[PDB]
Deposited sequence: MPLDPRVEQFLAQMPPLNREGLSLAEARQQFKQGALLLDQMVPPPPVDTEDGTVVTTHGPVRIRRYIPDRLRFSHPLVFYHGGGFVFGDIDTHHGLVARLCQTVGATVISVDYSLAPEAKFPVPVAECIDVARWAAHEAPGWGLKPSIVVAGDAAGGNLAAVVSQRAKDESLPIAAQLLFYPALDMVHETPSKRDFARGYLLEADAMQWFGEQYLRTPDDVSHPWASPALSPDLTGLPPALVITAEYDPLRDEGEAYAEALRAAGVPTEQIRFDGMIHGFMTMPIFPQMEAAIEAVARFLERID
């Protein structure tokens, strides 16, 4: 419950759009150098979405143990990140679960704005549902994402029924869910825990079209008043993350809507930890993912 010691060390030791994207990529590949991912067979590809081609990467496990494709949406505040920044997480998800994983390079803001990545993420999920029989898998997919990518996975899940899209589960890793309400964790951990109040504002300015967008349910899936019938859900939070309370409240709300829900707070942890392989909690959370999906298919 105190701040993990390795996290403390991490936090102690630490301007242009293109080069802000760059330092994000460099921070990521620096973590991967320090703690290399397992080897995994991949193949690049493209998906035709209603907003353009979107690059994807398919991960193939050494040993296929799971009978649904995972579709992973990377985080980074809708502004940063890509297939490469999240390779360390996706590689381990692929090998630990023994699932084929579709990692998605959706359109980043501010070039694309809300709700372009929502539509594209829906299109890729539909693509994967269509391909699944030909991979030898069940047609129902698992959607998954971290932070901003958890937001997308949550919106995709809520829109699944309307869009005739089969989803077997949703893995939300410290997701952003509510852009309207100021929770206690948002106030208590506003500064100093990697993800900051000022950054969250800036991401919002880049992603949304106008301030009114914050209350739209495809920006804020938490405001959706009827969560009955949604995909079984694994919701992971970090204790010391401003996003913690919305994530946890959402899992509570799903539980009360009859949705089979597993809720896990990682104590001592901060936002982003599932892409930070310097922390052993990253692999623990990946084992949590593998255990949860055993209870699915």
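Missing C-alpha coordinates mark just one deposited-sequence interval: 15-21.
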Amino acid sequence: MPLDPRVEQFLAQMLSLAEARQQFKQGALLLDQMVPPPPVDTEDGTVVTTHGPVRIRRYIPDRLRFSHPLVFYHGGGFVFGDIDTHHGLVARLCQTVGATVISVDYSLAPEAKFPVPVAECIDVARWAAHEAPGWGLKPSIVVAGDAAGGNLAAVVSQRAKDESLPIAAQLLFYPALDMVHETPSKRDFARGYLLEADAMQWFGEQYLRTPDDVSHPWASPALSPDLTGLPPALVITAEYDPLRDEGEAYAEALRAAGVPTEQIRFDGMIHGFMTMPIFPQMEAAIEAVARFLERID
From here on, numbers count along this sequence of modelled residues.
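Comparing the deposited coordinates for 197-205 and 214-222, the stretch with the larger average C-alpha B-factor is 197-205.
The deposited model assigns a higher average Cα B-factor to 17-25 than to the other stretch when 17-25 and 282-290 are compared. Taking the deposited Cα B-factors for 146, 84, 111, 120, the highest one is held by 111. If you compare the C-alpha temperature factors of 270, 64, 249, 256 in the entry, 64 comes out highest.
Ranked within its chain, residue 74 lands in the lowest third, by CA B factor from the PDB record.
Among the modelled residues of its chain, residue 151 has a C-alpha B-factor that falls in the lowest third, as given in the PDB entry.
When the modelled residues of the chain are ordered by C-alpha B-factor, residue 157 sits in the lowest third. When the modelled residues of the chain are ordered by C-alpha B-factor, residue 237 sits in the lowest third.
When the modelled residues of the chain are ordered by C-alpha B-factor, residue 133 sits in the highest third.
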